[PDB]
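Working notes, structure below.
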Amino acid sequence: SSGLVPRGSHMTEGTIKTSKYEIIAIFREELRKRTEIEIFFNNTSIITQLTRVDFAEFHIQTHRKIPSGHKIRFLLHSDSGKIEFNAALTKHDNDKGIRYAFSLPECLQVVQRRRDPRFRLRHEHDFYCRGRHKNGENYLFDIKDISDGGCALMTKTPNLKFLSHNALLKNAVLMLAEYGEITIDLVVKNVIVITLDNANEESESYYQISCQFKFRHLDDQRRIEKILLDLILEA
Ligand SMILES: Nc1nc2c(ncn2[C@@H]2O[C@@H]3COP(=O)(O)O[C@H]4[C@@H](O)[C@H](n5cnc6c(=O)[nH]c(N)nc65)O[C@@H]4COP(=O)(O)O[C@H]3[C@H]2O)c(=O)[nH]1
Ligand SMILES: Nc1nc2c(ncn2[C@@H]2O[C@@H]3COP(=O)(O)O[C@H]4[C@@H](O)[C@H](n5cnc6c(=O)[nH]c(N)nc65)O[C@@H]4COP(=O)(O)O[C@H]3[C@H]2O)c(=O)[nH]1
């Protein structure tokens, strides 16, 4: 839409990686960046991180007991996109954490559909979105992340009746601290339940509202582009 495409996170609708070397280098970078990994089986997902990686296996550490028999599904929350694969269990021993070892996958799939990178607002930044629903009821949301094309809003107290898919939040106001305020339409793309971590070992539940910007004027888009560049370069 704008042409601006910073390096990192090139789009792919689905790229298959199969080289044992690259698969290892990828696991090593995501263990280091402490990337979130998500583990799915029998209709639910654990969520952990990697503990070590070598040339035949990767290792996690979870209080839950993971099954055995066949390969189970994984999803890495990588800055390159969602990295998915299947891996089988090979070792487990008995903080009462069960050490776990999985064979490295033979192939990974990378999917990166985001045309604009998303900046995650850290506790150094306190941005909000306020507005009025169609019935005049007021709302105020924390902004979790923001990109040239939209944002994710966090709240414990959504009014779900105004948050169906593609519902419009008309004349929301982004409150971006030193950057001022911008009035904007938001199209609701998704609503999920999320567990970020509060301070500090305590994990807490939030609703996450994924939104697309519908700009009022072309200059509002350019203004957001300048804010994101500032955010990225100053952190
Ligand atoms: N309709 C819609 N929903 C959105 C969008 N962005 C986030 N969500 C919802 O928010 C969930 C969490 O997103 P995430 O924390 O960034 O965590 C994501 C993210 O880390 C990653 N991921 C998935 N797809 C992509 C992608 O196309 N690009 C990138 N860079 N990462 C992706 O895998 C994790 C899980 O993905 P999901 O299972 O799909 O789960 C997503 C998804 O349900 C969006 O642009 N449109
Ligand atoms: N900062 C931020 N912006 C958001 C969020 N959700 C939506 N947007 C903005 O709204 C645009 C369109 O969302 P979409 O229709 O669901 O269309 C999305 C969606 O279908 C898909 N996608 C991207 N990431 C994910 C993901 O993590 N999970 C899933 N299930 N789909 C994703 O790729 C399409 C386009 O991605 P985008 O180019 O990034 O384009 C996004 C993005 O600019 C959000 O949680 N945070």
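Labels used: A, B, ... for chains in the order of the structure tokens, numbers from 1 for residues in each chain, and numbers from 1 for ligands as shown.
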From chain A, collect each residue whose DSSP state is helix (DSSP H, G or I) and return the set as JSON, numbers by chain. {"A": [20, 21, 22, 23, 24, 25, 26, 27, 28, 29, 30, 31, 32, 160, 161, 162, 177, 178, 179, 218, 219, 220, 221, 222, 223, 224, 225, 226, 227, 228, 229, 230, 231, 232, 233, 234]}
Go ahead and write the residues just picked, N, CA, C and O atoms, as a CSV table (one decimal), in the first residue's frame.
chain,number,residue,atom,x,y,z
A,20,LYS,N,19.1,-29.6,7.1
A,20,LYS,CA,19.4,-29.9,8.5
A,20,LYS,C,20.2,-28.8,9.2
A,20,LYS,O,20.0,-28.4,10.3
A,21,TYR,N,21.2,-28.3,8.4
A,21,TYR,CA,22.0,-27.1,9.0
A,21,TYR,C,21.1,-25.9,9.3
A,21,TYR,O,21.1,-25.4,10.4
A,22,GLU,N,20.2,-25.5,8.3
A,22,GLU,CA,19.4,-24.3,8.5
A,22,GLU,C,18.4,-24.5,9.6
A,22,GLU,O,18.1,-23.6,10.4
A,23,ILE,N,17.8,-25.7,9.6
A,23,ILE,CA,16.8,-26.0,10.7
A,23,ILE,C,17.5,-25.9,12.1
A,23,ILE,O,16.9,-25.3,13.0
A,24,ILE,N,18.7,-26.4,12.2
A,24,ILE,CA,19.4,-26.2,13.5
A,24,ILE,C,19.7,-24.7,13.7
A,24,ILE,O,19.5,-24.2,14.9
A,25,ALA,N,20.2,-24.0,12.7
A,25,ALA,CA,20.5,-22.6,13.0
A,25,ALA,C,19.2,-21.8,13.3
A,25,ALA,O,19.3,-20.8,14.1
A,26,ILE,N,18.1,-22.2,12.8
A,26,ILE,CA,16.8,-21.6,13.1
A,26,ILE,C,16.4,-21.8,14.6
A,26,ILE,O,16.1,-20.9,15.3
A,27,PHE,N,16.5,-23.1,15.0
A,27,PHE,CA,16.2,-23.4,16.4
A,27,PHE,C,17.2,-22.7,17.3
A,27,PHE,O,16.7,-22.2,18.4
A,28,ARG,N,18.4,-22.6,16.9
A,28,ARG,CA,19.4,-21.9,17.8
A,28,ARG,C,19.1,-20.4,18.0
A,28,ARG,O,19.3,-19.9,19.0
A,29,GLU,N,18.6,-19.8,16.9
A,29,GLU,CA,18.3,-18.4,17.0
A,29,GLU,C,17.0,-18.2,17.8
A,29,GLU,O,16.9,-17.2,18.5
A,30,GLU,N,16.1,-19.1,17.7
A,30,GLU,CA,14.8,-18.9,18.4
A,30,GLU,C,15.0,-19.3,19.9
A,30,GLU,O,14.3,-18.7,20.8
A,31,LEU,N,15.8,-20.3,20.2
A,31,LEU,CA,16.1,-20.5,21.6
A,31,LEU,C,16.8,-19.3,22.2
A,31,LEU,O,16.5,-18.9,23.4
A,32,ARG,N,17.7,-18.7,21.5
A,32,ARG,CA,18.4,-17.5,22.0
A,32,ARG,C,17.5,-16.3,22.2
A,32,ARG,O,17.5,-15.8,23.3
A,160,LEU,N,-18.5,-7.2,24.0
A,160,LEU,CA,-18.3,-8.1,22.9
A,160,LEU,C,-19.4,-7.9,21.8
A,160,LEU,O,-19.1,-8.2,20.6
A,161,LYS,N,-20.5,-7.3,22.1
A,161,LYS,CA,-21.6,-7.1,21.1
A,161,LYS,C,-21.1,-6.1,20.0
A,161,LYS,O,-21.7,-6.2,18.9
A,162,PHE,N,-20.1,-5.3,20.3
A,162,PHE,CA,-19.6,-4.4,19.3
A,162,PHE,C,-18.3,-4.8,18.7
A,162,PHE,O,-17.6,-4.0,18.1
A,177,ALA,N,0.8,9.2,23.5
A,177,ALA,CA,1.7,9.8,24.4
A,177,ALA,C,2.3,11.0,23.7
A,177,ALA,O,1.6,11.8,23.1
A,178,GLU,N,3.7,11.2,23.7
A,178,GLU,CA,4.3,12.4,23.2
A,178,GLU,C,3.9,12.6,21.7
A,178,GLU,O,4.0,13.7,21.3
A,179,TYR,N,3.4,11.6,21.0
A,179,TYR,CA,3.1,11.7,19.6
A,179,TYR,C,1.7,12.3,19.3
A,179,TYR,O,1.4,12.5,18.2
A,218,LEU,N,-5.4,10.7,4.1
A,218,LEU,CA,-4.1,10.1,3.7
A,218,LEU,C,-3.0,10.5,4.6
A,218,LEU,O,-2.0,9.8,4.8
A,219,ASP,N,-3.0,11.8,5.1
A,219,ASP,CA,-2.0,12.3,6.0
A,219,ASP,C,-1.9,11.6,7.3
A,219,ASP,O,-0.9,11.6,8.0
A,220,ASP,N,-3.0,10.9,7.8
A,220,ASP,CA,-3.0,10.2,9.0
A,220,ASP,C,-2.1,8.9,8.9
A,220,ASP,O,-1.3,8.6,9.8
A,221,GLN,N,-2.2,8.3,7.7
A,221,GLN,CA,-1.3,7.2,7.4
A,221,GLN,C,0.2,7.5,7.5
A,221,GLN,O,1.0,6.8,8.1
A,222,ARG,N,0.5,8.6,6.8
A,222,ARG,CA,1.9,9.1,6.8
A,222,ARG,C,2.3,9.4,8.3
A,222,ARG,O,3.5,9.2,8.7
A,223,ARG,N,1.4,10.0,9.0
A,223,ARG,CA,1.8,10.3,10.4
A,223,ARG,C,2.1,9.0,11.2
A,223,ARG,O,3.0,9.0,12.0
A,224,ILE,N,1.3,8.0,11.0
A,224,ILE,CA,1.6,6.7,11.7
A,224,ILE,C,2.9,6.1,11.2
A,224,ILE,O,3.7,5.6,12.0
A,225,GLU,N,3.2,6.2,9.9
A,225,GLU,CA,4.5,5.8,9.4
A,225,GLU,C,5.6,6.5,10.1
A,225,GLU,O,6.6,5.8,10.6
A,226,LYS,N,5.6,7.8,10.3
A,226,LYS,CA,6.6,8.4,11.0
A,226,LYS,C,6.8,8.0,12.5
A,226,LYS,O,7.9,7.8,13.0
A,227,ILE,N,5.6,7.8,13.2
A,227,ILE,CA,5.7,7.3,14.5
A,227,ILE,C,6.3,6.0,14.6
A,227,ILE,O,7.2,5.7,15.5
A,228,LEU,N,5.9,5.0,13.8
A,228,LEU,CA,6.5,3.7,13.9
A,228,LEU,C,8.0,3.7,13.6
A,228,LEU,O,8.8,3.0,14.3
A,229,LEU,N,8.5,4.6,12.6
A,229,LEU,CA,9.9,4.7,12.4
A,229,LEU,C,10.6,5.2,13.7
A,229,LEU,O,11.6,4.7,14.1
A,230,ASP,N,10.0,6.2,14.3
A,230,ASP,CA,10.6,6.8,15.5
A,230,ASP,C,10.6,5.7,16.6
A,230,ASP,O,11.7,5.5,17.2
A,231,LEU,N,9.5,5.0,16.8
A,231,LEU,CA,9.5,3.9,17.8
A,231,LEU,C,10.6,2.9,17.6
A,231,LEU,O,11.3,2.5,18.5
A,232,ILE,N,10.7,2.4,16.3
A,232,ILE,CA,11.7,1.4,16.0
A,232,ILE,C,13.1,1.8,16.3
A,232,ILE,O,13.9,1.1,16.9
A,233,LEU,N,13.4,3.1,15.9
A,233,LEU,CA,14.8,3.5,15.9
A,233,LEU,C,15.2,4.0,17.3
A,233,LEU,O,16.4,4.1,17.6
A,234,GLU,N,14.3,4.2,18.2
A,234,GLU,CA,14.6,4.8,19.5
A,234,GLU,C,14.6,3.8,20.7
A,234,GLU,O,15.1,4.1,21.8
Can you list, as number ranges by chain, all residues belonging to segment 14-213 of chain A that DSSP tags as strand (DSSP E or B)? A: 14-17, 36-41, 44-49, 52-53, 57-62, 72-78, 81-87, 89-93, 98-103, 108-112, 119-120, 128-132, 138-146, 150-155, 168-175, 181-197, 203-213
Under the rule that only C-alpha atoms and all ligand atoms are counted, which of A:82, A:216, A:92, A:65 is the nearest residue to ligand 1? A:82
Do you know which residues are within 10 Å of ligand 2 using only C-alpha atoms and all ligand atoms? Can you write them as a PyMOL selection string? chain A and resi 1+11+13+77+81-82+111-120+143-154+165-166+186-191+208-214
For those residues, write N, CA and C atoms to a file as a short mmCIF file (atom, residue, chain, number, x, y, z; two decimals), in the first residue's frame.
data_model
loop_
_atom_site.label_atom_id
_atom_site.label_comp_id
_atom_site.auth_asym_id
_atom_site.auth_seq_id
_atom_site.Cartn_x
_atom_site.Cartn_y
_atom_site.Cartn_z
N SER A 1 0.83 -1.20 0.00
CA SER A 1 0.00 0.00 0.00
C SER A 1 0.87 1.27 0.00
N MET A 11 7.51 -11.32 3.33
CA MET A 11 6.32 -12.11 3.18
C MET A 11 6.62 -13.44 2.50
N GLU A 13 3.77 -16.89 1.71
CA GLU A 13 2.56 -17.63 1.98
C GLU A 13 2.83 -19.04 2.49
N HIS A 77 6.64 -18.75 17.60
CA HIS A 77 6.21 -17.35 17.45
C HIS A 77 7.38 -16.48 16.99
N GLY A 81 7.89 -15.11 11.28
CA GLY A 81 6.54 -15.58 11.01
C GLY A 81 6.24 -16.77 11.88
N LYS A 82 5.11 -17.43 11.64
CA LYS A 82 4.85 -18.65 12.37
C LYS A 82 5.61 -19.79 11.71
N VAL A 111 5.40 -19.15 7.52
CA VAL A 111 4.31 -18.37 6.94
C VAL A 111 4.43 -16.96 7.50
N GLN A 112 4.49 -15.96 6.62
CA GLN A 112 4.63 -14.57 7.06
C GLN A 112 3.72 -13.76 6.14
N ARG A 113 2.53 -13.45 6.63
CA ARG A 113 1.54 -12.73 5.84
C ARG A 113 1.50 -11.22 6.11
N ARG A 114 2.32 -10.71 7.02
CA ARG A 114 2.22 -9.32 7.47
C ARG A 114 3.00 -8.39 6.54
N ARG A 115 2.29 -7.52 5.82
CA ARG A 115 2.91 -6.50 4.95
C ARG A 115 3.61 -5.38 5.71
N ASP A 116 3.37 -5.23 7.02
CA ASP A 116 4.01 -4.16 7.79
C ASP A 116 4.42 -4.77 9.12
N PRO A 117 5.65 -4.54 9.57
CA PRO A 117 6.08 -5.11 10.84
C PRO A 117 5.34 -4.44 11.99
N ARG A 118 5.20 -5.18 13.08
CA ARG A 118 4.39 -4.74 14.21
C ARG A 118 5.30 -4.46 15.38
N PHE A 119 5.17 -3.27 15.96
CA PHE A 119 5.99 -2.86 17.09
C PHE A 119 5.25 -3.14 18.39
N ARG A 120 5.90 -3.81 19.33
CA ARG A 120 5.25 -4.23 20.56
C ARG A 120 5.53 -3.21 21.66
N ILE A 143 -3.00 -0.29 24.18
CA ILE A 143 -2.51 -0.74 22.88
C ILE A 143 -1.35 -1.70 23.10
N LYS A 144 -1.49 -2.92 22.58
CA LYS A 144 -0.44 -3.91 22.76
C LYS A 144 0.64 -3.79 21.68
N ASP A 145 0.24 -3.63 20.43
CA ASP A 145 1.21 -3.47 19.35
C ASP A 145 0.58 -2.63 18.27
N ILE A 146 1.42 -2.09 17.40
CA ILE A 146 0.95 -1.16 16.38
C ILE A 146 1.85 -1.29 15.16
N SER A 147 1.25 -1.15 14.00
CA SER A 147 1.96 -1.24 12.75
C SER A 147 1.41 -0.14 11.85
N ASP A 148 1.98 0.01 10.65
CA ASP A 148 1.45 1.01 9.72
C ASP A 148 -0.01 0.75 9.37
N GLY A 149 -0.46 -0.50 9.49
CA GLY A 149 -1.78 -0.89 8.99
C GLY A 149 -2.83 -1.18 10.06
N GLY A 150 -2.44 -1.20 11.33
CA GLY A 150 -3.43 -1.46 12.36
C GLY A 150 -2.79 -1.60 13.72
N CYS A 151 -3.53 -2.25 14.62
CA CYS A 151 -3.06 -2.35 15.99
C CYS A 151 -3.76 -3.52 16.68
N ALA A 152 -3.20 -3.95 17.80
CA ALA A 152 -3.85 -4.88 18.71
C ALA A 152 -4.16 -4.16 20.00
N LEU A 153 -5.42 -4.25 20.44
CA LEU A 153 -5.87 -3.65 21.68
C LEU A 153 -6.03 -4.72 22.75
N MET A 154 -5.67 -4.37 23.98
CA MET A 154 -5.77 -5.27 25.12
C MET A 154 -6.79 -4.71 26.10
N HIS A 165 -16.81 -9.83 13.87
CA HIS A 165 -15.85 -9.71 12.78
C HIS A 165 -16.24 -8.61 11.80
N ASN A 166 -15.27 -7.75 11.48
CA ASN A 166 -15.40 -6.61 10.57
C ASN A 166 -16.34 -5.54 11.10
N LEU A 186 -11.52 1.86 13.07
CA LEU A 186 -10.89 0.56 13.26
C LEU A 186 -11.85 -0.49 12.76
N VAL A 187 -11.35 -1.45 11.97
CA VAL A 187 -12.12 -2.63 11.58
C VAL A 187 -11.63 -3.81 12.42
N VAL A 188 -12.56 -4.44 13.15
CA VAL A 188 -12.22 -5.55 14.03
C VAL A 188 -11.92 -6.79 13.20
N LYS A 189 -10.68 -7.28 13.27
CA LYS A 189 -10.33 -8.47 12.51
C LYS A 189 -10.35 -9.75 13.34
N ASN A 190 -10.15 -9.66 14.65
CA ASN A 190 -10.15 -10.86 15.47
C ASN A 190 -10.29 -10.45 16.93
N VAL A 191 -10.83 -11.36 17.74
CA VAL A 191 -10.86 -11.21 19.19
C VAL A 191 -10.48 -12.56 19.78
N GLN A 208 -7.69 -9.85 23.39
CA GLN A 208 -6.90 -9.13 22.40
C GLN A 208 -7.77 -8.85 21.19
N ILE A 209 -7.88 -7.59 20.83
CA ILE A 209 -8.69 -7.14 19.72
C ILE A 209 -7.73 -6.74 18.60
N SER A 210 -7.69 -7.56 17.54
CA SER A 210 -6.86 -7.28 16.38
C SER A 210 -7.63 -6.37 15.44
N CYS A 211 -7.04 -5.22 15.08
CA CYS A 211 -7.73 -4.18 14.31
C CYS A 211 -6.94 -3.74 13.07
N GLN A 212 -7.66 -3.43 12.01
CA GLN A 212 -7.14 -2.76 10.83
C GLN A 212 -7.50 -1.27 10.84
N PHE A 213 -6.54 -0.41 10.56
CA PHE A 213 -6.82 1.01 10.40
C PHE A 213 -7.66 1.27 9.14
N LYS A 214 -8.70 2.09 9.28
CA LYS A 214 -9.37 2.75 8.15
C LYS A 214 -9.15 4.25 8.34
#
Nearest to ligand 1, restricted to only C-alpha atoms and all ligand atoms and choosing among A:130, A:68, A:51, A:192, comes out as A:192
Can you list, as a ChimeraX atom specification, every protein, DNA or RNA residue that comes within 9 Å of residue 170 of chain A when you count only C-alpha atoms, leaving out same-chain residues fewer than 6 positions away? /A:131-134,183-187
Distance atom CA of residue 101 of chain A-atom CA of residue 45 of chain A, one decimal place? 17.4 Å
Calculate how many Å separate atom CA of residue 86 of chain A from atom CA of residue 205 of chain A, rounding to one decimal.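 Separation between atom CA of residue 86 of chain A and atom CA of residue 205 of chain A: 28.0 Å.
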Using only C-alpha atoms, pick whichever of A:176, A:56, A:110, A:182 has the shortest atom-to-atom distance to residue 79 of chain A. A:110
To one decimal place, how far is atom CA of residue 173 of chain A from atom 12 (C, counted along the ligand's line) of ligand 1 in Å?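 Interatomic distance, atom CA of residue 173 of chain A to atom 12 (C, counted along the ligand's line) of ligand 1: 23.3 Å.
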Extract, using only C-alpha atoms, all DNA, RNA and protein residues at most 10 Å from residue 46 of chain A, discarding same-chain residues fewer than 5 positions from it, and format them as a ChimeraX atom specification. /A:37-41,62-66,74
Write to file, as a PDB file, in the first residue's frame, the residues of the selection just made, with N, CA and C atoms.
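This went into again-v4.pdb:
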ATOM      1  N   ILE A  37       7.322 -20.893  22.056  1.00  0.00           N
ATOM      2  CA  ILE A  37       6.971 -22.073  21.283  1.00  0.00           C
ATOM      3  C   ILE A  37       5.681 -22.622  21.856  1.00  0.00           C
ATOM      4  N   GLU A  38       4.843 -23.151  20.976  1.00  0.00           N
ATOM      5  CA  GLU A  38       3.502 -23.592  21.312  1.00  0.00           C
ATOM      6  C   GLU A  38       3.353 -25.038  20.880  1.00  0.00           C
ATOM      7  N   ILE A  39       2.828 -25.879  21.771  1.00  0.00           N
ATOM      8  CA  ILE A  39       2.840 -27.332  21.613  1.00  0.00           C
ATOM      9  C   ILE A  39       1.402 -27.836  21.671  1.00  0.00           C
ATOM     10  N   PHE A  40       0.934 -28.444  20.580  1.00  0.00           N
ATOM     11  CA  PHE A  40      -0.459 -28.848  20.417  1.00  0.00           C
ATOM     12  C   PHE A  40      -0.596 -30.363  20.435  1.00  0.00           C
ATOM     13  N   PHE A  41      -1.601 -30.856  21.163  1.00  0.00           N
ATOM     14  CA  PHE A  41      -1.945 -32.276  21.162  1.00  0.00           C
ATOM     15  C   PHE A  41      -3.303 -32.472  21.820  1.00  0.00           C
ATOM     16  N   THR A  62       8.513 -28.471  30.819  1.00  0.00           N
ATOM     17  CA  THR A  62       7.125 -28.180  31.154  1.00  0.00           C
ATOM     18  C   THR A  62       6.660 -29.035  32.326  1.00  0.00           C
ATOM     19  N   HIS A  63       5.811 -28.445  33.177  1.00  0.00           N
ATOM     20  CA  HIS A  63       5.185 -29.202  34.258  1.00  0.00           C
ATOM     21  C   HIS A  63       4.136 -30.171  33.729  1.00  0.00           C
ATOM     22  N   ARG A  64       3.528 -29.862  32.586  1.00  0.00           N
ATOM     23  CA  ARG A  64       2.592 -30.796  31.983  1.00  0.00           C
ATOM     24  C   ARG A  64       3.343 -31.974  31.379  1.00  0.00           C
ATOM     25  N   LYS A  65       2.686 -33.131  31.368  1.00  0.00           N
ATOM     26  CA  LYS A  65       3.241 -34.322  30.744  1.00  0.00           C
ATOM     27  C   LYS A  65       2.748 -34.406  29.304  1.00  0.00           C
ATOM     28  N   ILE A  66       3.691 -34.552  28.378  1.00  0.00           N
ATOM     29  CA  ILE A  66       3.429 -34.585  26.941  1.00  0.00           C
ATOM     30  C   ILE A  66       3.340 -36.042  26.499  1.00  0.00           C
ATOM     31  N   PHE A  74       3.975 -28.353  16.489  1.00  0.00           N
ATOM     32  CA  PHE A  74       4.582 -27.209  17.154  1.00  0.00           C
ATOM     33  C   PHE A  74       4.357 -25.950  16.323  1.00  0.00           C
TER      34      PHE A  74
END
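Closest approach to ligand 1 among A:9, A:15, A:203, A:135: A:9, based on only C-alpha atoms and all ligand atoms.
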Within 12 Å of residue 204 of chain A using only C-alpha atoms, minus same-chain residues under 4 positions, as a VMD selection string: chain A and resid 154 to 156 193 to 200
Selection above as a file: N, CA and C atoms, as a short mmCIF file (atom, residue, chain, number, x, y, z; two decimals), in the first residue's frame:
data_model
loop_
_atom_site.label_atom_id
_atom_site.label_comp_id
_atom_site.auth_asym_id
_atom_site.auth_seq_id
_atom_site.Cartn_x
_atom_site.Cartn_y
_atom_site.Cartn_z
N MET A 154 -5.67 -4.37 23.98
CA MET A 154 -5.77 -5.27 25.12
C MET A 154 -6.79 -4.71 26.10
N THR A 155 -7.65 -5.58 26.62
CA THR A 155 -8.60 -5.16 27.65
C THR A 155 -9.16 -6.38 28.37
N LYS A 156 -9.53 -6.19 29.62
CA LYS A 156 -10.24 -7.22 30.37
C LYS A 156 -11.75 -7.07 30.28
N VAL A 193 -8.55 -14.67 23.46
CA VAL A 193 -8.08 -14.64 24.83
C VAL A 193 -6.60 -14.94 24.83
N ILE A 194 -5.85 -14.14 25.56
CA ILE A 194 -4.40 -14.18 25.54
C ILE A 194 -3.91 -14.24 26.98
N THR A 195 -2.75 -14.87 27.17
CA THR A 195 -2.06 -14.87 28.45
C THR A 195 -0.69 -14.20 28.27
N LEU A 196 -0.64 -12.88 28.41
CA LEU A 196 0.65 -12.24 28.63
C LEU A 196 1.05 -12.46 30.09
N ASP A 197 2.27 -12.05 30.42
CA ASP A 197 2.77 -12.18 31.78
C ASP A 197 2.76 -10.82 32.46
N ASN A 198 2.08 -10.74 33.61
CA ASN A 198 2.20 -9.60 34.51
C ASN A 198 3.49 -9.72 35.33
N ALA A 199 3.59 -8.87 36.35
CA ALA A 199 4.78 -8.71 37.17
C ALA A 199 4.72 -9.59 38.42
N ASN A 200 5.48 -10.68 38.43
CA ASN A 200 6.25 -11.12 37.26
C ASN A 200 6.03 -12.58 36.88
#
Looking at A:96, A:34, A:10, A:125, which one is nearest to ligand 1, with distances taken over only C-alpha atoms and all ligand atoms?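 Closest to ligand 1, using only C-alpha atoms and all ligand atoms: A:10.
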Near residue 17 of chain A, within 7 Å and counting only C-alpha atoms, which residues show up once chain neighbours fewer than 3 positions away are dropped, as a tab-separated table (two decimals) with C-alpha atoms, in the first residue's frame?
chain	number	residue	atom	x	y	z
A	107	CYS	CA	11.15	-29.89	7.44
A	108	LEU	CA	9.79	-26.57	8.77
A	109	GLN	CA	7.06	-24.38	7.31
Choose the residue, out of A:121, A:175, A:61, A:55, that has the smallest atom-to-atom separation from residue 97 of chain A; count only C-alpha atoms.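 Looking at the shortest contact to residue 97 of chain A, the residue is A:61.
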